[PDB]
Amino acid sequence: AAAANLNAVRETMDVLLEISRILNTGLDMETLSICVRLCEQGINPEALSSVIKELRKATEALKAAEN
Amino acid sequence: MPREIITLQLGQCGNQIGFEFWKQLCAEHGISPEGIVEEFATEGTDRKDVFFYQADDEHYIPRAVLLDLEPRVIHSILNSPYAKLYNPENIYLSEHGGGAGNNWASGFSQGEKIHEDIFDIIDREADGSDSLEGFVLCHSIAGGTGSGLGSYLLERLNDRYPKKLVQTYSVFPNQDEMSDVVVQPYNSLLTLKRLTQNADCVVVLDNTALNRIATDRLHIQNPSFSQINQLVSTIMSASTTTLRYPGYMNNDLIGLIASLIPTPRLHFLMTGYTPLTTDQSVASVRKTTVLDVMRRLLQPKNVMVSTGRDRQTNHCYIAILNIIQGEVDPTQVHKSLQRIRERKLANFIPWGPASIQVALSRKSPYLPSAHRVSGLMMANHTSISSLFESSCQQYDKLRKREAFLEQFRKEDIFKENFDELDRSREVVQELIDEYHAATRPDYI
Amino acid sequence: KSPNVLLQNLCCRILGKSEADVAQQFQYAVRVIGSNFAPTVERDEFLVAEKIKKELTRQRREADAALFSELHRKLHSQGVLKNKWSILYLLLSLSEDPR
């Protein structure tokens, strides 16, 4: 029972990773796993994605200012 | 005293075998399909208490529990004429008609998940039977419920009744025919393991042999699963003819098991019918001698077991029991034993007790016999070691090539690896080696 | 506390400086993050497939939507991820922002 649920969850995680790769979403594995747990527990994916994009753009801007 | 047997039907093939056996028992005991005893069987010599459980309606109801995870076989059993013959309370039908998916691991999971319902029906049948002797599990070795649920039912019957004989009418898969389930090899191995471990004795009913025997001996072109179930029902009625009609020898399942199984573990039995011919094959004024019957039964065209004709495994009968239905002269039986011994009509295992018994018993009066001498052969032969080796090799081929391994590994029995299938193939290989030893002088 | 931890981790990992270093950036992220306590998406699962197909077509892919369609069936085995409407929204937004 629990083993079957764990196998289903691991298959779901692998399928989500495959879907992200096919969509070229460019989301890391740790980031995807944290966002998956956050969305299951209850959080706005749009807000989380906006914050992640803001952090990525801040990193790119910091690299540009370094250059 | 009556000795009721709890007929547990698992899978489609098992449900067909159980329903056909119940119909044959009702016909031989003269119990109508409604269970109201047929008018001709009120004074019948059939030990209806012995074979069938007496319900509140006095219906000659065999203690049969039909437990299947697919609703098709359950509906067909409930739609048979004998629906009122058996007790409805002993039939547990899983509303999830998805079955075990031809996976023995999934079948065992289904049997354990319906263990409360199925074990409830088994215990109800045991309490409803005065001297319930054990359980007979009719299932298919290649199916999921038949193999897996068959293993689960055999284990459950052994655990609830460790002192009760666990007989299995396991439909062995076609080792020479490409099974439609690539995991059917693993399912067959698991059913064989169930027969060896959670079942006290396994009668391998190889569907390939059923088709071959029906086509060649009975001239039945392409025997269907329905045909195999009907043949199983006829063979069961022949074996229970002495059960309904009280004879002088082999009056119980334990006695037959003892006379046919010199090794407690090596109780896997191959099947044969004699004379093997269609009912339209009327033996023209042919007085079937007991020796002639022995020769015809020993003829491979009359054996109902798909034992690989493996020249490596020296097939020999560990024990040979000839169940004769009809008017058979006991002096002719003794002459048959002498003639069969002289002509070597039957080859016996070199490492098992020589058991050639000639017992005269009556058939069920409600069961009409077209042949004055009808013969059912239950022989422990090392050719079953050939069939077991074929099944084990198929199981190894499925496990090693991951054939239908998605279905096999989807169940908890094989969740970590194909451990259930591997242990099943190991048990089948051990049984095959022991059976070949039994035909060899070195088994003891 | 979990959303605050997630935002701080994203700032400290994705960005070279944490969001607490510049409280203006942190204040802006809090202002744009706190809008509603519920996801903003319709109950139509087909819109997720539509966004996957649109991402494939924009990415010069005409057969990649079948991957998401097949993944849906395998991911529905658990059938307990009922709050993933926003998850599909975020995935589509991520796939369309870089594409």
# chains A, B, ... in the order shown; residues from 1 in each chain; ligands from 1
>>> residues_around(residues="range 29-41 of chain A", least_positions_apart="2", cutoff="10 Å", atoms="only C-alpha atoms", output="VMD selection string")
(chain A and resid 13 16 to 17 20 26 to 27 43 to 45 48 to 49 52) or (chain C and resid 2 to 3 6 9 to 10 14 39 80 to 87 90 to 91)
>>> closest_atom_pairs(of="chain A", to="chain B", cutoff="10 Å", atoms="only C-alpha atoms", output="tab-separated table")
residue	atom	partner	partner_atom	distance
A:1	CA	B:412	CA	7.9
A:2	CA	B:412	CA	9.7
A:3	CA	B:412	CA	7.3
A:4	CA	B:412	CA	7.1
A:7	CA	B:415	CA	8.7
A:8	CA	B:410	CA	9.8
>>> write_last_selection(atoms="N, CA, C and O atoms", output="JSON list (two decimals), in the first residue's frame")
[["chain", "number", "residue", "atom", "x", "y", "z"],
["A", 1, "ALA", "N", 0.83, -1.20, 0.00],
["A", 1, "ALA", "CA", 0.00, 0.00, 0.00],
["A", 1, "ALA", "C", 0.87, 1.25, 0.00],
["A", 1, "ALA", "O", 0.87, 2.03, -0.96],
["A", 2, "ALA", "N", 1.62, 1.44, 1.08],
["A", 2, "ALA", "CA", 2.52, 2.58, 1.16],
["A", 2, "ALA", "C", 3.61, 2.49, 0.10],
["A", 2, "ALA", "O", 4.01, 3.50, -0.48],
["A", 3, "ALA", "N", 4.11, 1.28, -0.16],
["A", 3, "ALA", "CA", 5.13, 1.12, -1.19],
["A", 3, "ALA", "C", 4.57, 1.48, -2.56],
["A", 3, "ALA", "O", 5.25, 2.12, -3.37],
["A", 4, "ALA", "N", 3.33, 1.08, -2.83],
["A", 4, "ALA", "CA", 2.70, 1.42, -4.10],
["A", 4, "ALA", "C", 2.51, 2.93, -4.23],
["A", 4, "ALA", "O", 2.74, 3.50, -5.30],
["A", 7, "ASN", "N", 5.91, 4.44, -4.99],
["A", 7, "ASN", "CA", 6.28, 4.21, -6.38],
["A", 7, "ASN", "C", 5.50, 5.13, -7.31],
["A", 7, "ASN", "O", 6.07, 5.69, -8.26],
["A", 8, "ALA", "N", 4.21, 5.32, -7.04],
["A", 8, "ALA", "CA", 3.41, 6.23, -7.84],
["A", 8, "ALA", "C", 3.93, 7.66, -7.73],
["A", 8, "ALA", "O", 3.98, 8.39, -8.72]]
>>> atom_distance(atom1="CA of residue 274 in chain B", atom2="CA of residue 378 in chain B")
10.9 Å
>>> atom_distance(atom1="CA of residue 52 in chain C", atom2="CA of residue 65 in chain C")
5.7 Å
>>> residues_around(residues="residue 368 in chain B", least_positions_apart="6", cutoff="9 Å", atoms="only C-alpha atoms", output="PyMOL selection string")
chain B and resi 27-28+326
>>> write_last_selection(atoms="N, CA and C atoms", output="compact mmCIF listing (two decimals), in the first residue's frame")
# COMPACT_ATOMS: atom_id res chain seq x y z
N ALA B 27 -25.37 -32.97 -11.23
CA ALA B 27 -25.89 -33.97 -12.15
C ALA B 27 -25.65 -35.38 -11.64
N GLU B 28 -24.46 -35.66 -11.11
CA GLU B 28 -24.15 -37.01 -10.67
C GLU B 28 -24.90 -37.37 -9.40
N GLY B 326 -18.40 -46.94 -13.93
CA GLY B 326 -19.23 -47.87 -14.67
C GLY B 326 -19.13 -49.26 -14.09
>>> residues_around(residues="residue 54 in chain A", least_positions_apart="4", cutoff="9 Å", atoms="only C-alpha atoms", output="count of residues only")
8
>>> residues_around(residues="range 426-432 of chain B", least_positions_apart="4", cutoff="8 Å", atoms="only C-alpha atoms", output="PyMOL selection string")
chain B and resi 189+192-193+196+265-266+382+384-386+388-389+391-392+422+436
>>> select_by_dssp(residues="chain C", states="helix (DSSP H, G or I)", output="PyMOL selection string")
chain C and resi 2-13+23-33+46-58+65-75+85-96
